[PDB]
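Engineer: Below you'll find the structure I mean.
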Amino acid sequence: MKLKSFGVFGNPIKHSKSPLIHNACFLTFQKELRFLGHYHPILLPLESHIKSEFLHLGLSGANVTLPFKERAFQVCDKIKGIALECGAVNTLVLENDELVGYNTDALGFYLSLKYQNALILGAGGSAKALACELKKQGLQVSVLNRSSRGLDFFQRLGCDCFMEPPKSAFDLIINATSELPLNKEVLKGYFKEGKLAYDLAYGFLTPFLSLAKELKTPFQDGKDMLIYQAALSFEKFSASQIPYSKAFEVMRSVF
Ligand SMILES: O=C(O)[C@@H]1C=C(O)[C@@H](O)[C@H](O)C1
């Protein structure tokens, strides 16, 4: 049989655990796949073009992380699935010689979650998918950032958008930014009244999460969402031949 290349585009990329869990699946499922799969971390220059590099490297599939998720959306020949509402793409597959973009953050996030409203900190690709998913569940959603970038997107979703921290209670406080992401005391009142502090970062313990832990607020890091979204991308990487639940169990064991 034959060799197929995959990877994860990101800057930075050193700390990504996608190659670990995807390589495990490519090894485990190789007879069903009927190819030899290998998944690399690919550090992309900021100035670079996701589509051109995908093609030049001859990949069959890829994941996309910070800060490239919205750009991935703009440069795909074709967008399918919930990605169409996400304004962001974290999953790339070569299909009929066309670069096709999907989003597995949205469902991956939903699966990671064991809530009436939410506050999202951040405005990038991850924040965009989570707001889409959470509006889709009938939650009230507020988005807080320093500038007004992404206004249009979140406002058309029907999110409440803010640059000053709203004086309100939220069940979910979500750190989807790229130091603390807010004034310590502001973050403290959010936690005091919040039900879950949720941070998309994984593999290390962020200031945001230390502070919640410190204040006895229930907290969750990005590990579960990482594995679900990876599992889901894998399903797309297999031509839909290995279901995400199978991928998911292998990916959980290795981690
Ligand atoms: O490997 C990581 O750290 C990446 C993290 C994300 O945000 C996912 O969308 C990517 O698909 C994978």
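As shown in the structure tokens, the chain order sets the letters A, B, ...; within each chain, residues go from 1, and ligands are also counted from 1 in the order they appear.
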Which chain A residues have any atom within 9 Å of an atom of ligand 1, and for each, what is the nearest pair of atoms with distance in Å to one decimal, counting only C-alpha atoms and all ligand atoms, rows sorted by chain and number, as a Markdown table?
Structural biologist:
| residue | atom | partner | partner_atom_place_in_ligand_line | distance |
| --- | --- | --- | --- | --- |
| A:8 | CA | ligand 1 | 1 (O) | 6.3 |
| A:9 | CA | ligand 1 | 10 (C) | 8.4 |
| A:10 | CA | ligand 1 | 4 (C) | 8.0 |
| A:13 | CA | ligand 1 | 3 (O) | 7.4 |
| A:15 | CA | ligand 1 | 3 (O) | 7.2 |
| A:16 | CA | ligand 1 | 3 (O) | 4.2 |
| A:17 | CA | ligand 1 | 1 (O) | 5.4 |
| A:18 | CA | ligand 1 | 1 (O) | 4.2 |
| A:19 | CA | ligand 1 | 1 (O) | 7.4 |
| A:41 | CA | ligand 1 | 1 (O) | 8.3 |
| A:62 | CA | ligand 1 | 11 (O) | 7.9 |
| A:63 | CA | ligand 1 | 11 (O) | 4.4 |
| A:64 | CA | ligand 1 | 11 (O) | 5.2 |
| A:65 | CA | ligand 1 | 10 (C) | 4.8 |
| A:66 | CA | ligand 1 | 7 (O) | 6.8 |
| A:69 | CA | ligand 1 | 9 (O) | 7.8 |
| A:89 | CA | ligand 1 | 9 (O) | 8.1 |
| A:90 | CA | ligand 1 | 9 (O) | 4.8 |
| A:91 | CA | ligand 1 | 11 (O) | 6.2 |
| A:103 | CA | ligand 1 | 9 (O) | 7.9 |
| A:104 | CA | ligand 1 | 9 (O) | 7.0 |
| A:105 | CA | ligand 1 | 9 (O) | 5.5 |
| A:108 | CA | ligand 1 | 9 (O) | 8.9 |
| A:125 | CA | ligand 1 | 7 (O) | 8.3 |
| A:126 | CA | ligand 1 | 7 (O) | 6.4 |
| A:200 | CA | ligand 1 | 7 (O) | 7.4 |
| A:201 | CA | ligand 1 | 3 (O) | 8.0 |
| A:202 | CA | ligand 1 | 3 (O) | 7.8 |
| A:222 | CA | ligand 1 | 5 (C) | 8.6 |
| A:225 | CA | ligand 1 | 8 (C) | 8.4 |
| A:226 | CA | ligand 1 | 5 (C) | 6.0 |
| A:227 | CA | ligand 1 | 12 (C) | 8.8 |
| A:229 | CA | ligand 1 | 11 (O) | 6.5 |
| A:230 | CA | ligand 1 | 11 (O) | 6.1 |
| A:233 | CA | ligand 1 | 11 (O) | 7.4 |
Engineer: When DSSP is applied to the backbone of this structure, which of segment 62-194 of chain A are assigned strand (DSSP E or B)? Write them out as number ranges by chain.
Structural biologist: A: 62-64, 78-79, 91-95, 98-102, 117-121, 140-144, 160-162, 172-175
Engineer: Could you turn the residues from that selection into a file that holds N, CA, C and O atoms, as a CSV table (one decimal), in the first residue's frame?
Structural biologist:
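again-v4.csv was written with the following content:
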chain,number,residue,atom,x,y,z
A,62,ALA,N,-5.4,18.0,7.0
A,62,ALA,CA,-4.7,18.7,8.1
A,62,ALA,C,-5.7,19.3,9.1
A,62,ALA,O,-6.9,19.5,8.9
A,63,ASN,N,-5.1,19.7,10.3
A,63,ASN,CA,-5.8,20.5,11.2
A,63,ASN,C,-5.1,21.9,11.2
A,63,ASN,O,-4.0,22.0,10.7
A,64,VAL,N,-5.9,22.9,11.7
A,64,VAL,CA,-5.5,24.3,11.7
A,64,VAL,C,-5.8,24.8,13.1
A,64,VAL,O,-6.9,24.7,13.6
A,78,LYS,N,-13.9,25.0,-1.0
A,78,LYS,CA,-15.2,24.6,-0.6
A,78,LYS,C,-15.3,24.5,0.9
A,78,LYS,O,-14.4,24.0,1.6
A,79,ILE,N,-16.4,24.9,1.5
A,79,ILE,CA,-16.7,24.8,2.9
A,79,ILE,C,-17.9,23.9,3.0
A,79,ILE,O,-18.8,24.1,2.3
A,91,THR,N,-10.1,22.0,10.0
A,91,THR,CA,-10.0,20.7,9.4
A,91,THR,C,-10.0,20.9,7.9
A,91,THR,O,-10.9,21.4,7.3
A,92,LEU,N,-9.0,20.3,7.3
A,92,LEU,CA,-8.8,20.4,5.8
A,92,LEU,C,-8.6,19.0,5.3
A,92,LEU,O,-7.9,18.2,5.9
A,93,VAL,N,-9.4,18.7,4.2
A,93,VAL,CA,-9.3,17.5,3.5
A,93,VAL,C,-9.2,17.8,2.0
A,93,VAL,O,-9.9,18.7,1.5
A,94,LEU,N,-8.4,17.0,1.3
A,94,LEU,CA,-8.3,17.1,-0.1
A,94,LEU,C,-9.4,16.2,-0.7
A,94,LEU,O,-9.4,15.0,-0.5
A,95,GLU,N,-10.4,16.8,-1.4
A,95,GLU,CA,-11.5,16.0,-1.9
A,95,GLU,C,-11.7,16.4,-3.4
A,95,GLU,O,-11.9,17.6,-3.7
A,98,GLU,N,-9.8,19.2,-4.7
A,98,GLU,CA,-10.3,20.5,-4.2
A,98,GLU,C,-9.9,20.6,-2.7
A,98,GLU,O,-10.1,19.6,-2.0
A,99,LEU,N,-9.5,21.8,-2.2
A,99,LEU,CA,-9.3,21.9,-0.7
A,99,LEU,C,-10.6,22.2,0.0
A,99,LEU,O,-11.2,23.3,-0.1
A,100,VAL,N,-11.1,21.2,0.8
A,100,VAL,CA,-12.3,21.3,1.5
A,100,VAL,C,-12.2,21.5,3.0
A,100,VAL,O,-11.4,20.9,3.6
A,101,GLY,N,-12.9,22.5,3.5
A,101,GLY,CA,-12.8,22.9,4.9
A,101,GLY,C,-14.0,22.5,5.8
A,101,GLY,O,-15.1,22.7,5.4
A,102,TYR,N,-13.7,22.0,7.0
A,102,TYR,CA,-14.7,21.6,7.9
A,102,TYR,C,-14.4,22.2,9.3
A,102,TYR,O,-13.2,22.6,9.5
A,117,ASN,N,-26.6,30.7,30.1
A,117,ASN,CA,-25.9,31.7,29.3
A,117,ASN,C,-24.4,31.6,29.5
A,117,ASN,O,-24.0,30.8,30.3
A,118,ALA,N,-23.7,32.3,28.7
A,118,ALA,CA,-22.3,32.2,28.6
A,118,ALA,C,-21.6,33.5,28.3
A,118,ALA,O,-22.2,34.4,27.7
A,119,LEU,N,-20.3,33.6,28.8
A,119,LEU,CA,-19.5,34.8,28.4
A,119,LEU,C,-18.2,34.1,27.7
A,119,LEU,O,-17.6,33.3,28.3
A,120,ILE,N,-18.0,34.6,26.5
A,120,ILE,CA,-16.8,34.2,25.8
A,120,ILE,C,-15.8,35.3,25.7
A,120,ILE,O,-16.2,36.5,25.4
A,121,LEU,N,-14.6,35.0,26.1
A,121,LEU,CA,-13.5,36.0,26.0
A,121,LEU,C,-12.7,35.6,24.8
A,121,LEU,O,-12.3,34.5,24.7
A,140,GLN,N,-28.1,32.1,26.0
A,140,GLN,CA,-27.7,33.5,25.7
A,140,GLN,C,-26.2,33.6,25.7
A,140,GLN,O,-25.6,32.9,26.5
A,141,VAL,N,-25.7,34.3,24.7
A,141,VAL,CA,-24.2,34.4,24.6
A,141,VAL,C,-23.7,35.9,24.5
A,141,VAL,O,-24.1,36.7,23.6
A,142,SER,N,-22.8,36.2,25.5
A,142,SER,CA,-22.1,37.5,25.4
A,142,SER,C,-20.6,37.2,25.0
A,142,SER,O,-20.0,36.3,25.5
A,143,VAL,N,-20.1,38.1,24.2
A,143,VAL,CA,-18.7,38.1,23.8
A,143,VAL,C,-17.9,39.3,24.2
A,143,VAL,O,-18.4,40.4,24.0
A,144,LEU,N,-16.8,39.1,24.9
A,144,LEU,CA,-16.0,40.3,25.3
A,144,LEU,C,-14.6,40.3,24.7
A,144,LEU,O,-13.9,39.2,24.7
A,160,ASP,N,-24.8,39.1,22.3
A,160,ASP,CA,-24.5,40.4,22.9
A,160,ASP,C,-23.0,40.7,22.9
A,160,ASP,O,-22.2,39.9,23.6
A,161,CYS,N,-22.5,41.8,22.2
A,161,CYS,CA,-21.1,42.1,22.1
A,161,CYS,C,-20.7,43.3,23.0
A,161,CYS,O,-21.4,44.3,23.0
A,162,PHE,N,-19.6,43.2,23.6
A,162,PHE,CA,-19.1,44.1,24.6
A,162,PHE,C,-17.6,44.4,24.5
A,162,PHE,O,-16.8,43.5,24.1
A,172,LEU,N,-21.4,30.0,32.3
A,172,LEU,CA,-20.1,29.6,31.6
A,172,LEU,C,-19.3,30.8,31.3
A,172,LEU,O,-19.8,31.8,30.7
A,173,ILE,N,-18.1,30.7,31.7
A,173,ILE,CA,-17.1,31.8,31.4
A,173,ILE,C,-16.0,31.1,30.7
A,173,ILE,O,-15.3,30.2,31.2
A,174,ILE,N,-15.8,31.5,29.4
A,174,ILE,CA,-15.0,30.7,28.5
A,174,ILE,C,-13.8,31.5,28.0
A,174,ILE,O,-14.0,32.6,27.4
A,175,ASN,N,-12.6,31.0,28.3
A,175,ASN,CA,-11.4,31.7,27.8
A,175,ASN,C,-11.0,31.2,26.4
A,175,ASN,O,-10.3,30.2,26.3
Engineer: As an exercise, work out the distance from atom CA of residue 30 of chain A to atom CA of residue 252 of chain A in Å and give it to one decimal place.
Structural biologist: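 Distance between the two atoms: 18.2 Å.
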Engineer: Atom CA of residue 113 of chain A and atom CA of residue 128 of chain A are how many Å apart?
Structural biologist: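 A separation of 16.9 Å between them.
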Engineer: Looking at A:27, A:187, A:72, A:82, which one is nearest to residue 48 of chain A, with distances taken over only C-alpha atoms?
Structural biologist: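 Of all the options, A:72 lies closest to residue 48 of chain A.
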Engineer: Identify, with DSSP run on backbone atoms, the residues in segment 113-233 of chain A assigned to alpha helix (DSSP H), and express the list as an NGL selection string.
Structural biologist: :A and (125-136 or 151-157 or 184-193 or 207-214 or 223-233)
